[PDB]
Amino acid sequence: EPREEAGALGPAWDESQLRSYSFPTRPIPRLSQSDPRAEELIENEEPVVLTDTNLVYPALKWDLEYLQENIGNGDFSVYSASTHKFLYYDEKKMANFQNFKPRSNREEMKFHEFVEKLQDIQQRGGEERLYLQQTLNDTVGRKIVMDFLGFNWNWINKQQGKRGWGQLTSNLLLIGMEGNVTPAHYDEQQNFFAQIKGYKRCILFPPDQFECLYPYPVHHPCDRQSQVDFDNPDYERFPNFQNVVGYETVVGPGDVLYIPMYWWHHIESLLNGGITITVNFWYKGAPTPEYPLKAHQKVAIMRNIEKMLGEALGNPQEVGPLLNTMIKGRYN
Amino acid sequence: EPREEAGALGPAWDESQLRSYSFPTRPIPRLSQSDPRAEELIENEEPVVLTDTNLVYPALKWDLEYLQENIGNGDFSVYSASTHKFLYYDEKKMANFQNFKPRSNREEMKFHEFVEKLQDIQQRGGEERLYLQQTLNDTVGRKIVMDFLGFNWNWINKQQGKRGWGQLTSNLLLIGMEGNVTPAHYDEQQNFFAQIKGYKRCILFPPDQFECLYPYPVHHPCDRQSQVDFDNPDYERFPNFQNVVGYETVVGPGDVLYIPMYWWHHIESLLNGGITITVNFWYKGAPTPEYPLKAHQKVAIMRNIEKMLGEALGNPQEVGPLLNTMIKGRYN
Amino acid sequence: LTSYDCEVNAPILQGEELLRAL
Amino acid sequence: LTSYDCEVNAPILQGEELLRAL
Ligand SMILES: O=C(O)CNC(=O)C(=O)O
Ligand SMILES: O=C(O)CNC(=O)C(=O)O
Ligand SMILES: [Zn+2]
Ligand SMILES: [Zn+2]
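Residues numbered from 1 in each chain as written, not as in the entry; some residues may be left out. Chains lettered and ligands numbered in written order. Heavy atoms only, no water. Residues with missing side-chain atoms left out of burial classes, pairs and counts.

Per the PDB entry, chain A goes by FACTOR INHIBITING HIF1 and derives from Homo sapiens. As recorded in the PDB, the entry bears the title "Factor Inhibiting HIF-1 alpha in complex with HIF-1 alpha fragment peptide". Listed in UniProt under the heading Cofactor, the comment for chain A reads: "Fe(2+)". (UniProt positions renumbered as here; feature names shortened; annotations may be inferred.)

Encoded structure:
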């Protein structure tokens, strides 16, 4: 049930703002950072929404005006799409799949340019959609630098130390239009996902649901993304999607969602909820040291096999036929 | 067409002595050792029957009486079976497949014991079948040692040198009853197969027919053997067996069949042809050094993947499910 | 085999380096 | 990956060793 905003400002959002899907879900726990149960969850690589870390406390005031004024003159990657779905793709892998035609294009622009584009669409009632996704770097301005420095490093550093994680590799700034969706995928890093403006519905699936989510081949540009179209699932090609079960939540300003490494996640900015802003914190996982093997370890194994085969055969397109040749009449 | 034996002794064998199968074949070339075409074939890892190497010239006089008298008091492995089919199995791998029940059993005995058993079966009109298969070693007697030393080492050593092969690992003595069959399999060594007494029909398939022959899993005791029952093929489990095409020949005393590493072979002692005797020469292949990859190289790759997965998962029985999980909805 | 890389839905100063520099 | 073992339908003096000894 949607939470009530302090001061009797009503419900933060309602059901009608959620897209509808074919699968059930259970709620991710929302807990205080001081609650031992939250620590148990993170330690165990299970998701949890933390309500009071103050992780990005100083960014809570951010909005397009403040960012345009302070974020510098660096370039920003902005994706453009004609659908609500922003399927991630790896440009470096495009050569090996000449027939893949991305539904979204990346354009580099200045922040003011991004803001202007958002304005032109609104005014012209256009259907175009934009999603800015850009790692925070040295070119940001003074005020932003001050804000960044005011993040709760004390808490997040203890988290990094307590779990044996590797280094912070980056913080991605995500600014999206209402209704935008990042389709289901898994990342190979641990993520603290800090919501700043607006509301995002996050649906997660554990690594042991690999069989139900059907990731693209490792050498395909959509490596790590699910092939299933959540809006129109093809149960013929992906029969086990009929067995998928999610853990869901809606995060708002101030909330931090722990998205554990290898966990699938589908993220959507609420319909009619305005622009969203998020900043993530990506950490390399702990080192690989016992049976029985964990689901995520098996996933690590499958990726490696695919990778080795691709190199050994000299053509990634030869990966499938060999695998098929290996199992038919033998293991299936 | 069956050859004519010197001195007008008639046909060496006839069609009625061949078992019947569902697939077609083409003849393997029979050539003189001095013929350049024979050298081209071996160089290219293609089968050839050499008619005049004199490779085991001194063994042409061997028969059960001479061997019983001269082969020593060492132990001999003898397989016993109630079917004509002597499917090879690796005893060391039996623990990992508790449910595999071999159709043949191995018994160690003295040569005279083997000969006696052959006699008791004949006399008692029994249906039992025996196949002796034993590596030649130090315990053989003086006369046999003399015979072995008289093999044409000059020719076979040049062959080993010309092809870059590794060392002679062994020579297997095979003594079989008429009608015995060794079902289709591939060996990881190069083989010069020297026929001594009786006639054997040898049907070979190139390594690129892997998809049609359906070898057992690498960790299964029948690793390297085809799962298809040539006498009653199940086209439902093994549909591509309907596309298999063999290279066949019948070898007799004095002939040497080159069976190239990784080539499938099915070997049968002619029906009503009496006992057969053969001695093989197994050499390690040349070293692994260019695209496009050869069929046998791909086979090498598949074995390795299976092997690595088995070790990595800690249970070979987990190999299939992981592979299946890797391809369904992804590569198939 | 059990070893893993660090790929995510973003291309490869930032992270730890950004922070320390600041 | 392309590397291979030397397994055949027989268990593991003989071969080269038998010959030289003789
Ligand atoms: O917020 C989004 O739309 C996408 N974010 C992620 O997938 C992520 O942070 O790992
Ligand atoms: O002769 C036989 O029955 C079996 N021989 C082989 O499979 C071989 O020599 O490689
Ligand atoms: Zn992600
Ligand atoms: Zn063989």
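Here the narrative resumes, following the displayed structure.
Engineer: An account of the relation of the copies chain B and chain A is requested, with residue identities and associated values reported.
Structural biologist: Of the transformation placing chain B onto chain A, the axial shift is 0.0 Å and the rotation is 180°, giving an RMSD of 0.0 Å. Here the copies are linked by what is in effect a two-fold axis. Comparing interface residues between copies, 100% of those in chain B also lie at the interface in chain A; the contact surface is shared. (Least-squares fit on C-alpha atoms. Contact = heavy atoms within 4.5 Å.)

Engineer: How would you summarise the interface of chain B and chain D if you had to cite specific residues and measurements?
Structural biologist: Taken together, the 38 residues of chain B in the interface contact 19 residues of chain D. The largest share of the area that chain B buries against chain D comes from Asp138, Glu188 and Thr288 of chain B, three residues that together contribute 19% of it. At the junction of chain B and chain D, the tally comes to zero salt bridges. In this assembly, chain B and chain D are joined by 14 residue pairs in polar contact. Where the side of chain B that touches chain D is concerned, the elements lending two or more residues are helix 4 (142-149), strand 7 (168-170), strand 9 (181-185), strand 15 (276-284) and helix 7 (295-313) of chain B. The residue inventory of the side of chain B that touches chain D, partitioned by class, reads 17 nonpolar, 13 polar and eight charged. (Buried area = accessible area lost by both parts, 1.4 Å probe. Salt bridge = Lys/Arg side-chain N within 4 Å of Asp/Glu carboxyl O. Polar contact = N/O pair within 3.5 Å; in protein donor to acceptor, adjacent residues only side chain to side chain. Helix = DSSP H or I, 4+ residues; strand = E, 2+ residues; numbered from the N terminus. Nonpolar A, V, L, I, M, F, W, Y, C, P; charged D, E, K, R; others polar.)

Engineer: Explain the site of ligand 1 to me, using residue names and the numbers behind them.
Structural biologist: Residues and elements named next belong to chain A. Surveying the vicinity of ligand 1 reveals the residues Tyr131, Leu174, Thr182, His185, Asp187, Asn191, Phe193, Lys200, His265, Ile267, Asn280 and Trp282. Within the contact set of ligand 1, an oxygen atom lies 3.1 Å away from a side-chain nitrogen or oxygen of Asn280. When isolated, ligand 1 has an accessible area of 290 Å², and the protein chains bury 98% of it. Those elements that provide at least two residues to the shell around ligand 1 are strand 9 (181-185), strand 10 (189-197), strand 14 (264-269) and strand 15 (276-284). Residue classes in the shell around ligand 1 are distributed as five nonpolar, five polar and two charged. (Near = heavy atom within 4 Å. Areas by Shrake-Rupley, 256 points an atom, 1.4 Å probe, with all protein chains shown as cover.)

Engineer: Tell me about the UniProt feature "binding site: substrate" in chain A, residues and numbers included.
Structural biologist: UniProt's entry tags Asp138, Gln167, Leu168, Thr169, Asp187, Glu188, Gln189, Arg224, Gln225, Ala286 and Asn304 of chain A with the feature "binding site: substrate", counted in the numbering of this structure. Within the secondary structure, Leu168 of chain A is located in strand 7 (residues 168-170). When its relative accessible area of 4% is taken as the criterion, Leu168 of chain A is described as buried. Excluding residues within four positions of it along the chain, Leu168 of chain A makes contact with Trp153, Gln160, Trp282 and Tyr283 of chain A together with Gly15 and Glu16 of chain C. Within the fold, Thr169 of chain A resides in strand 7. For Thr169 of chain A, the residues in contact, after removing those within four places along its chain, are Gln189, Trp282 and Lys284 of chain A together with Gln14 and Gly15 of chain C. (Buried < 20%, exposed > 50% of the residue type's maximum accessible area, 1.4 Å probe, protein only.)

Engineer: So what about the packing of helix 7 (residues 295-313) of chain A against helix 7 of chain B? Which residues, and what values?
Structural biologist: The relative placement of two packed helices is expressed as an angle between their axes plus a distance between the axes. Their axes nearest at 12 Å, the elements helix 7 of chain A and helix 7 of chain B cross at an angle of 160°. Compared by their axis directions, helix 7 of chain A and helix 7 of chain B come out roughly antiparallel. For the element pair helix 7 of chain A and helix 7 of chain B, the recorded crossing hand is right-handed. Every residue of helix 7 of chain B that contacts helix 7 of chain A at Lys298, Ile301, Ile305, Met308, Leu309, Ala312 and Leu313 of chain A is listed here: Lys298, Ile301, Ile305, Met308, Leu309, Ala312 and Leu313 of chain B. Of the residues in the contact of helix 7 of chain A with helix 7 of chain B, the class split is 12 nonpolar, no polar and two charged. (Axes fitted to C-alpha atoms, helices over the stretch in contact; angles between N-to-C directions. Parallel < 35°, antiparallel > 145°, perpendicular 65-115°, else oblique. Left-handed = near helix turned anticlockwise from the far one by under 90°.)

Engineer: Explain the coordination of the zinc ion (ligand 4) residue by residue, including any values.
Structural biologist: Residues and elements named next belong to chain B. Within the protein, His185 (NE2), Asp187 (OD) and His265 (NE2) serve as the donor atoms for the zinc ion (ligand 4), at 2.0 to 2.1 Å. Sequence positions of the residues that donate to the zinc ion (ligand 4) give the spacing H-x1-D-x77-H. With a gap of 78 residues between them, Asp187 in the loop between strand 9 and strand 10 (189-197) and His265 in strand 14 (residues 264-269) connect regions that are remote in the sequence. Across the pair, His265 and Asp187 agree in class, each one buried. (Donors = N, O, S within 2.8 Å, 3.2 Å for Na, K, Ca; no water.)

Engineer: I'd like a description of the site of ligand 2, backed by residues and values.
Structural biologist: Residues and elements named next belong to chain B. Every residue lining ligand 2 is accounted for by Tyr131, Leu174, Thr182, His185, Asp187, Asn191, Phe193, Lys200, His265, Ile267, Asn280 and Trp282. At 2.7 Å from an oxygen atom of ligand 2 is found a side-chain nitrogen or oxygen belonging to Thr182. Measuring from an oxygen atom of ligand 2, one finds a side-chain N or O atom of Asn191 at 3.2 Å. For ligand 2, the protein covers 97% of the area, taking 290 Å² as the surface of the free molecule. Mapped by element, the contributors of at least two residues to the shell around ligand 2 are strand 9, strand 10, strand 14 and strand 15. Within the shell around ligand 2, the residues separate by chemical class into five nonpolar, five polar and two charged.

Engineer: Describe the environment of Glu290 of chain B, and please don't skip the residues or the numbers.
Structural biologist: Here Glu290 of chain B lies in the loop between strand 15 and helix 7. Remark: the alpha-carbon pair of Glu290 of chain B and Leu323 of chain B, spanning 33 residues in sequence, is separated by 27 Å.

Engineer: Give a detailed account of the domain arrangement of chain A, specifying residues and quantitative values.
Structural biologist: All names here are of chain A. One can read the domain layout of chain A as domain 1 (1-289) and domain 2 (290-332). For domain 1 and domain 2, the distance between their C-alpha centroids amounts to 29 Å. Roughly 1,100 Å² is buried in total at the junction of domain 1 and domain 2, and carbon and sulfur atoms are behind 66% of that figure. Contact with domain 2 buries area across many residues of domain 1, yet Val218, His219 and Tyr262 alone supply 45% of it, more than any other trio. Our count for the domain 1 to domain 2 interface comes out at two salt bridges. For the salt bridge of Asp223 with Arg303, the shortest nitrogen-to-oxygen distance reads 2.7 Å. Linking domain 1 with domain 2 are four residue pairs in polar contact. Grouping the constituent residues of the side of domain 1 that touches domain 2 by class yields seven nonpolar, two polar and four charged. (Domains from an automatic or database assignment.)

Engineer: Now, about the sheet that holds strand 1 (residues 25-27) of chain A: what can you tell me, with residues and values included?
Structural biologist: Residues and elements named next belong to chain A. Read from one edge to the other, the open sheet built from five strands follows the order 1-12-11-14-9, with strand pairing classed as mixed. Each end of this open sheet is capped by a strand with a single partner; those strands are strand 1 and strand 9. When the angles between neighbouring strand axes are averaged without regard to direction, this sheet yields 25°. Of the pairings in the sheet, the one linking strand 11 (residues 200-205) to strand 12 (residues 246-251) comprises five bridges and is antiparallel in character. Looking at the pairing, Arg201 lines up with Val250 of strand 12. (Pairing = 2+ DSSP bridges.)

Engineer: Can you tell me about the coordination of the zinc ion (ligand 3), naming the residues and giving the values?
Structural biologist: All names here are of chain A. Protein ligation of the zinc ion (ligand 3) involves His185 (NE2), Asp187 (OD) and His265 (NE2), the donor distances falling in the range 2.0 to 2.1 Å. Along the chain, the residues that donate to the zinc ion (ligand 3) are spaced as H-x1-D-x77-H. Here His185, found in strand 9, pairs with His265, found in strand 14; they are 80 residues apart in sequence, far enough to count as distant. Using a relative accessible area of 3% as the deciding quantity, one classes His185 as buried. Classification of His265 by relative accessible area gives buried; the value is 3%.

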